[PDB]
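Here we start with a single chain on its own, the form deposited in one PDB entry, put down as structure tokens.
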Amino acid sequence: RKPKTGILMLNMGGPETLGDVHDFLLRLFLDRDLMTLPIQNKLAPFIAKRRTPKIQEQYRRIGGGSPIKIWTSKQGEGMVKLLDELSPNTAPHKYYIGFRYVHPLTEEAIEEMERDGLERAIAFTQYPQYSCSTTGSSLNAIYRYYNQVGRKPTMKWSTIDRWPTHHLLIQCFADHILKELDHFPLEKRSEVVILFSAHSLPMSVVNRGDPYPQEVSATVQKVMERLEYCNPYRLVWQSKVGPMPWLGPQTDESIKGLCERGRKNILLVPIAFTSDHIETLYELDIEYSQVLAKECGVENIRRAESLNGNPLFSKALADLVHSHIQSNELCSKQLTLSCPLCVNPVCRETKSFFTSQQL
């Protein structure tokens, strides 16, 4: 039977093999939205060529590539399976992967969905907390696609642009935190400090009004309320790059600061991404937890397991789509408000693309 409802899972993605690193970076330094460089059409290929060696080396340290596609596919298969039983009126359901910087690209996914003659398409961001640099970029790509291809969508669109406090996402995080707490020696369990870590943002982005920090913060509170405030905590930020000011505290400085102040039992919790990637496997596990940890002498530092293939996460994904469908919403109320200091004209067009959908 023909696919009726399409679910486009959006993520920035990552290179599957070391050889995909160059093109991954090239597309990154070419995204007019997220970056502005003089004659960016010539600087990009150059910069990409320069950073490739260093980035390839990071992925080599974690096994040779990104596992995002593998986990995305599995979560997607589990979601569809549940949806066909949750919403028969919109079945059969089919998931598509739309990576912003690697294959399958957002554009390629859209072409395929259109080919499958779907009745409705749902842009489902895999980023629970909204950032104009992540979900916004992916949504802009959908608008730009149809605008460039000079055509109108043959299917009905709508978007699940954020879900920072979905009860099942919160339950998943809490469950992974609790089981990681069981791996610390029992005599130090209540002494453990929880560090929620999320990818940072340059202060120029935070200062224009990006929704991200406030939403990541909201996720942290829900998770801690569910854990009944069993351990003390702080929300810190990682992955800062360059000489410009980024939102802090920085995760690495915090780990080291805590140790120097007698808190040597730390639990790291990636609270802003749903699966393993360079941020957790390399940055946290290798850069920090190993080298940095082997410094100021930590007693125990562990990292909560990423959601990955957790069956309960697949249920969360399905419940979100199901609720989205019965709600008949086109996008969140939050998407109807661009950054108070937004200076990108595509943002407004993208918003209208969704709020203006037929039906």
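Whichever C-alpha set is largest while still superposing within 1.5 Å between the two forms counts as the rigid core. Position 1 is the first residue in the sequence shown; the rest follow in order.
Below: the form deposited in another entry, not depicted.
- Rigid-core fit between this form and the one not shown: of 252, 180, 285, 116, the one residue whose Cα shifts 2 angstroms or more is 285.
- Core-superposed comparison between this form and the one not shown: the Cα of residue 329 travels less than 2 Å.
- In the core-superposed comparison between this form and the one not shown, the C-alpha atom of residue 296 has shifted by at least 2 angstroms.
- Closer approach of the C-alpha atoms of residue 280 and residue 257, by 3 angstroms or more, is seen in that other deposited form than in the present form.
- Relative to what is shown, residue 257 and residue 282 are closer in that other deposited form; their C-alpha atoms differ in spacing by at least 3 Å.
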